[PDB]
Amino acid sequence: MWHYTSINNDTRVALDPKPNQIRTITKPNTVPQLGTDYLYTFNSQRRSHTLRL
Amino acid sequence: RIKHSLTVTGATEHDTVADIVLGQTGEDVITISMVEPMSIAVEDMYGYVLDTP
Numbered sequence: 001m002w003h004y005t006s007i008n009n010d011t012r013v014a015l016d017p018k019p020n021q022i023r024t025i026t027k028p029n030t031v032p033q034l035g036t037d038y039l040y041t042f043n044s045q046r047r048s049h050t051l052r053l
Numbered sequence: 372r373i374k375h376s377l378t379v380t381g382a383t384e385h386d387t388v389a390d391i392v393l394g395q396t397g398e399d400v401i402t403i404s405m406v407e408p409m410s411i412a413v414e415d416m417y418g419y420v421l422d423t424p
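Protein sequences, first through last, are from chains A and E.
If you read the first sequence in the entry's author numbering, its first letter stands for residue 1, the second for the next number, and so on.
If you read the second sequence in the entry's author numbering, its first letter stands for residue 372, the second for the next number, and so on.
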């Protein structure tokens with residue numbers, strides 16, 4: 001009798017922006033300049049262009 | 372981002388009030404994680420304590 005435990009909570013449902021913040025996180029992303037958010041690595045396999053938002 | 376410090380006394384009187392309900396955090400504004408990650412020095416990574424019979 002070990003009965004291990006865990007936390008169960010939707011991980012997709014808690015991604016959707018707010019209805020009055022959905023404005024902010026879409027177009028007004030012109031103020032910031034990306035940089036670190038998206039993932040990009042390059043291999044001379046070649047070739048590999050794994051650009052992933 | 373202001374921190375608050377609340378007390379148990381005041382100059383007002385409350386009786387039978389509402390239950391101020393809140394929900395939906397989002398994952399963009401408020402991210403919830405845990406380990407926790409910490410920040411120390413360099414030499415402090417390496418130390419020990421010797422016992423004696």
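Ideal placement from N, C-alpha and C gives every residue a C-beta, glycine not left out.
Which of the three DSSP states is assigned to A:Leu15 in this structure?
Translated into positions along the first sequence, residue 15 of chain A becomes position 15. Three-state result, A:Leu15: helix.
Can you give the beta carbon distance from residue 463 of chain E to A:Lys27, rounded, assuming they're within the 8 Å contact cut?
The structure shown does not extend to residue 463 of chain E, since chain E spans only 372 to 424, so no value can be given for it.
Would you kindly work out how many angstroms separate the C-alpha atoms of A:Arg12 and E:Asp399, rounded to a whole number?
Here residue 12 of chain A corresponds to residue number 12 of the first sequence, with the count starting at 1. Here residue 399 of chain E corresponds to residue number 28 of the second sequence, with the count starting at 1. Distance between the alpha carbons of A:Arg12 and E:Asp399 is about 12 Å.
Spatial neighbours of A:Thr41 within its chain, please: CB distance less than 7 Å, with the 5 preceding and 5 following residues excluded, ordered by chain position.
Position 41 of the first sequence holds residue 41 of chain A. The residues are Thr50.
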